[PDB]
Each structure stands twice: as structure tokens, then as C-alpha cells.
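Asker: Below is one structure. I have some questions about it.
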Amino acid sequence: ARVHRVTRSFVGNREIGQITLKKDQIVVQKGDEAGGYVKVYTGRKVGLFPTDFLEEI
């Protein structure tokens with residue numbers, strides 16, 4: 001499992017599949033990055049999030 005900490009809060013555009021996450025939230029990567037985004041799982045929801053705002057733990 002690739003597990004990441006959110007480094008900066010980000011409001012996602014849900015119309016295009018992005019997710020809102022808060023700084024310091026922990027998420028699990030699902031699949032590979034593309035175009036600056038990656039799919040992540042919060043434990044309740046899945047969506048796309050900017051890879052620049054993730055740090056692997």
C-alpha cells in the first residue's frame with residue numbers, strides 16, 4: 001500500500017472527479033499518477049487529488 005499525507009488543504013472539483021482533503025489527512029493511493037493527479041482513498045470516499053499536495057509516508 002502507498003500511503004500519503006496531504007501537505008496542503010485543497011477543495012476538489014467534484015464534477016471532474018476530484019476530492020477535497022485537509023492538510024495532514026492520510027489517504028491511500030489507488031493506481032498511478034497522470035497529469036498531476038492521482039486517485040486516492042480516504043477510508044470513506046475515492047477521488048482525484050493533486051500529487052504536488054501529497055507526501056508519501
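Ordering of the C-alpha cells sets the chain letters (A, B, ...), residue numbers begin anew at 1 in every chain, and ligands are numbered from 1 in the order given.
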Could you go through stretch 5-50 of chain A and tell me which residues DSSP, when run on the backbone, assigns to strand (DSSP E), listing them as an MDAnalysis selection string?

Answerer: chainID A and resid 5:6 26:34 37:41 46:50

Asker: Please provide the set of residues having any atom within 12 Å of residue A:20, restricted to only C-alpha atoms, with same-chain residues fewer than 3 positions apart removed, written as a list in words.

Answerer: residues 6, 8, 9, 10, 11, 12, 13, 14, 17, 23, 25, 27, 39, 40, 41, 42, 45, 46, 47, 48, 49, 50 and 53 of chain A

Asker: Given the choices A:43, A:52, A:37, A:28, which gets closest to residue A:2 if the distance is worked out from only C-alpha atoms?

Answerer: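 Going through A:43, A:52, A:37, A:28 one by one, the smallest distance to residue A:2 is for A:28.
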
Asker: Using only C-alpha atoms, which protein or nucleic acid residues come within 8 Å of residue A:55? Drop anything in the same chain fewer than 4 positions from it, and give the result as a list in words.

Answerer: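 Final neighbour list, sorted by chain and number: residues 4, 5, 6 and 7 of chain A.
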
Asker: Could you pull out the residues in chain A that DSSP calls helix (DSSP H, G or I) from the backbone, as a short mmCIF file (atom, residue, chain, number, x, y, z; two decimals) with C-alpha atoms, in the first residue's frame?

Answerer:
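Saved as part_28.cif:
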```
data_model
loop_
_atom_site.label_atom_id
_atom_site.label_comp_id
_atom_site.auth_asym_id
_atom_site.auth_seq_id
_atom_site.Cartn_x
_atom_site.Cartn_y
_atom_site.Cartn_z
CA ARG A 14 -16.35 17.08 -7.87
CA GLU A 15 -17.71 17.48 -11.42
CA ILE A 16 -14.42 16.11 -12.75
CA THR A 51 0.22 14.87 -6.47
CA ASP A 52 2.05 18.08 -5.51
CA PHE A 53 -0.02 18.15 -2.30
#
```
